[PDB]
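Nothing in this text is a laboratory measurement; each read-out follows from the coordinates by a stated rule. Positions of Cβ are generated from backbone atoms using ideal geometry, with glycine treated the same way; all protein chains shown enter the neighbour counts.
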Amino acid sequence: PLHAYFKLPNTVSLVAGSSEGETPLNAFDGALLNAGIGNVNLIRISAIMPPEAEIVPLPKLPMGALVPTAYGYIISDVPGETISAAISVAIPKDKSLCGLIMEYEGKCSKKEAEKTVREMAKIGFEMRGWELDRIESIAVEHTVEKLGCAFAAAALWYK
Amino acid sequence: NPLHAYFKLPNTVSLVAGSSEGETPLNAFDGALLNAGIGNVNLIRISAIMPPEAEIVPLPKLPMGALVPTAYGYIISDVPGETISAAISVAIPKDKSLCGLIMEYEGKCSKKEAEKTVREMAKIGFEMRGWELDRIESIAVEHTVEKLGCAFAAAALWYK
Amino acid sequence: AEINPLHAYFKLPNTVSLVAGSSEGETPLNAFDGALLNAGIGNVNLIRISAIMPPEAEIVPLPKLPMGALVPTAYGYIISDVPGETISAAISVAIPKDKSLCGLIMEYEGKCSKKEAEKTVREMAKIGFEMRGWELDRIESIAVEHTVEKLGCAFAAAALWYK
């Protein structure tokens, strides 16, 4: 590749994690680290999986990389409160179309968050009137001890 | 002919706006993006600055999933009958070596008020810089909430 | 000279610059805009990052950025329309002893003094390194405080750039 070819991300990786922290940002950083995406820069995106992009396990990312990432997170300082974050990726039957990435966060269980985010993806496809192939999702819940963060993401990268 | 153009700074800006009801805030937001014509690309929220010599152009054909540097304003409301608006403006300088200022606004007001407000914000930015104004281009959108709606306005940066 | 970090994903910033500023404004966005200008980073496109300084990146005074530049920036800001209210924003960059490791960028803003904001953000950076169990070389930080007259914004950032 003697000449860098412009391209849209072609991989999407679903990760999720949670962590306690002394401050909201430290808990967030902890959640990222727990999710396996803690030493890279997350560039928040509105969430669209580029056509022909493949869902793959999180690639080995260069530290400090500017990773276009669709994510949802929630931080709580209420002891005993269970918080969750979930990400869904609606995949089209028509491969020339894009996938839809939805995120959800709330004071609920992992199961509810995942169900809600998957439903949101479905709704997005209905709004577009696109044929839905399937929905891939991930979710995580965290029971706050003192200060915790639940985080779920779809990291877009290049294979 | 310039190569690696996409690896350089965006040279176009497109003002788009839209609104939509949604079963959830994000679904409403997604609907507004779709209604605005940029629902199938990735919006990368930016602080809002039109690169010098860039041109305001109608929304180009964007590749789905594109990482579009976008300055935007949006408002979501679940209050039936409430009118919410979003507007975007870009102040273009007379001195073409200078950058354009992109301002975004949102609120519980009419399309007219949102646009007037966002235009003044762009003008003020130029006043703060002491830059001579060529013109201010803007667009606004209002949405009367039925159950849960989102009004959205954006300045999408892209390439020639 | 021009670069879109979102497209040139393979080209990571190799410098980081701490800037801070504050400003009054007729609207929250105008105040925010005024703060960027006061911080010296007012005519560029800020792409917010989560806050990781790429390994081997050097802390340098903010370079002359071309207008409209897409600048990956870790930042914190606070806007207030309460007269007399003192607001602050601070940024810290924890630098590792092992240069092959990344630096951690923490941001903090609140209704407090410049001194408190900086102390807090510095502690946050220290905590980040302790959570990783990495050897901390030092913490570079900056803070700014603004006493709101009508509507003000305090802004602090770690702008990632190239050299």
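Taking loop as defined by DSSP and a crowding limit of 14 other beta carbons within 10 Å, which chymotrypsin sites (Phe, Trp or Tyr not before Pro) in region C:1-39 fit? Answer in residue order: C:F10. Taking the Kirkwood radius as Rh and the Cα radius of gyration as Rg, the protein assembly as shown has a ratio of Rg/Rh equal to 0.94.
If you fit an axis through the alpha-carbon atoms of helix A:24-35 and take the longest principal axis of the Cα set of chain A, what angle between them do you get, 0 to 90°, nearest 10? Helix A:24-35 sits at roughly 60 degrees to that axis.
Can you give the calculated 222 nm mean residue ellipticity of chain C, where each DSSP H run of n ≥ 4 adds -39,500 (n - 2.57) and the sum is split over every residue, rounded to the nearest 500 deg cm²/dmol? Don't skip to the answer; put the middle values down first.
On the way: 2 runs with 31 residues, N = 163.
Taken over chain C, the calculation gives -6500 deg cm²/dmol.
A simple count of charges around C:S92, restricted to other residues whose Cβ falls under 11 Å of its Cβ and scoring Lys, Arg +1 and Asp, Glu -1, yields 0.
Can you compute the charge dipole magnitude of chain B about its Cα centre, using +1 on each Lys and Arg Cβ and -1 on each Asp and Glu Cβ, nothing else charged? Give it in debye, rounded to the nearest 20.
That gives a dipole near 480 debye.
In this Cβ point-charge picture (+1 for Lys and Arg, -1 for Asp and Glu), the protein assembly as shown has a dipole of about 1180 debye about its Cα centre. The residue list B:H4, B:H143, B:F126 was ranked by how far each Cα lies along the charge dipole of chain B toward its positive end, using unit charges on Cβ atoms, and B:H4 comes out on top. 3J(HN,Hα) along region C:5-19, derived from phi through the Karplus expression 6.51 cos²θ - 1.76 cosθ + 1.60 where θ = phi - 60°, amounts to x, 6, 9, 8, 4, 7, 10, 7, x, 10, 9, 9, 10, 8, 10 Hz, with x in place of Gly and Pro. Determine, from the Cβ-Cβ distance of A:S109 and B:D78 and an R0 of 22 Å, the FRET efficiency 1/(1 + (r/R0)^6), rounded to the nearest 0.05. The computed FRET efficiency comes out at 0.40.
So, with +1 on the Cβ of K and R and -1 on the Cβ of D and E, and no other charges, what is the size of the charge dipole of region C:1-94 about its Cα centre, to the nearest 20 debye?
Numbers: 3 positive and 8 negative charges, 70 e Å.
Around 340 debye, computed over region C:1-94.
Between B:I44 and B:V68, B:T70, the built amide H atoms are under 5 Å apart, and every one of these is 5 or more places off in sequence or on another chain.
How charged is the neighbourhood of C:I49? Take every other residue with its Cβ under 11 Å from the Cβ of C:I49, and add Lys/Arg as +1 and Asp/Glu as -1. Write down the numbers at each step before the final one.
Values: positive: A:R44, C:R48; negative: C:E107.
Computed value for this residue: +1.
Simple rule: put +1 on each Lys or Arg Cβ and -1 on each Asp or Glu Cβ in the protein assembly as shown, find the dipole, and look at A:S96, B:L43, A:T82; the Cα lying farthest toward the positive end is A:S96.
The phi torsions of region B:44-57, fed into the Karplus equation with coefficients 6.51, -1.76 and 1.60 and a -60° offset, translate into couplings of 10, 4, 10, 5, 5, 9, 7, x, x, 6, 6, 10, 7, 10 Hz, rounded to whole numbers, with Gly and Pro shown as x.
Largest GNM mean-square fluctuation across A:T11, A:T23, A:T69, computed for chain A with C-alpha springs under 10 Å, falls on A:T23.
Relative to the dominant Cα principal axis of chain C, helix C:114-132 is inclined by about 30°. Running a GNM on chain B with Cα contacts under 10 Å, which residue among B:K123, B:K108, B:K94 ends up with the highest mean-square fluctuation? Of the options given, B:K94 has the highest mean-square fluctuation. Springs join every pair of Cα atoms under 10 Å in this Gaussian network model of chain B, and among B:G81, B:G37, B:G73 the largest mean-square fluctuation is at B:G81. What the phi angles of region A:91-102 give under the Karplus curve with 6.51, -1.76 and 1.60, with θ = phi - 60°, is a coupling list of 9, x, 6, 7, 5, 7, 9, 8, x, 10, 10, 10 Hz, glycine and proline written as x. Other residues lying with their Cβ under 9 Å from the Cβ of A:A70 contribute a combined charge of 0, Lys and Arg counting +1, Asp and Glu -1.
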